[PDB]
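For reference, the chain that follows is the form deposited in one PDB entry, supplied as structure tokens.
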């Protein structure tokens, strides 16, 4: 262009402790080195702004986190640092991308439940180990249900991560193009002639060669009519009925 390139929305998905926040910062840092304005957003920003947790804050948290992401994707790349364990959650974020016609990439961060538990402890078990175990089970494997849900990259956070390799791949994708009546006159003659035939065939017991003859007659009739300029169904449909009765 200016050979083209643009900006997009990155959706992380993975369980607690898997490495989303850390991954985000690193991915974010490399993208900067690439003259790309990127910001990292997640529900935890607002959730942890409350001194304590209450189920009743979640509606504000989710709605607030979506506005930030929405208004951010208008100017910047956005890395959504969130678990997003339900596919419907990922769809919601994708809709924001679609809303602005931007590309999107779902990045799945994986780790054995063994590692997740170990890590959850190292942190203080603020989330019950039992909770980490259930979530691990309930997790919606990305792409298992919908094609739009297929992960752009699956990443094992138990091994090294080539943030340069990843940044490159994302940038390449950002250059791609995100793509995400009433019957007329001729249509009436078709629907009509067809009915007329149905009627005629039920009216006279006829031989096999007879049915086929009628059917061919209709075909020729339609052909001739698409030829004529101005035409009226009542006039023509009558001509058809009469031609049929002469057999």
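Take the two forms, superpose them, and find the largest set of C-alpha atoms that agree within 1.5 Å; that set is the rigid core. Residue numbers count along the first chain shown, from 1.
Modelling of residue 182 is missing from a third or more of the other compared entries in which both of its neighbours are modelled. Annotation: residue 9 does not belong to the positions left without coordinates in a third of the other compared entries; each one with flanking residues models it. Where residue 2 is followed by residue 3 in the displayed chain, the model omits 4 to 9 of the deposited residues that sit between the two. Coordinates are absent for 4 to 9 residues of the deposited sequence placed between residue 180 and residue 181.
Averaged over their C-alpha atoms, the temperature factors of 13-21 and 231-239 are higher for 231-239. Stretches compared: 117-125, 150-158. Higher mean C-alpha B-factor in the entry: 117-125. Highest CA B-factor among 222, 27, 39, 211, as stated in the entry: 222. Taking the deposited Cα B-factors for 34, 49, 186, 64, the highest one is held by 186. Annotation for residue 45: CA B-factor lies in the lowest third of the chain's modelled residues. Sort the modelled residues of the chain by CA B factor and residue 81 lands in the lowest third. Per the PDB record, residue ranking by Cα B-factor puts residue 137 in the middle third of the chain. Among the modelled residues of its chain, residue 172 has a C-alpha B-factor that falls in the lowest third, as given in the PDB entry.
The form deposited in another entry is left out here; the points below concern that form.
Checking 222, 68, 36, 40 for C-alpha shifts of 2 Å or more between this form and the one not shown, after the rigid core is superposed, gives a single hit: 222. Relative to the superposed rigid core, residue 25 undergoes a CA displacement smaller than 2 Å between this form and the one not shown.
Comparing the forms between this form and the one not shown on their rigid core, the Cα displacement of residue 58 stays under 2 Å. Core-superposed comparison between this form and the one not shown: the CA of residue 49 stays below a 2 Å shift.
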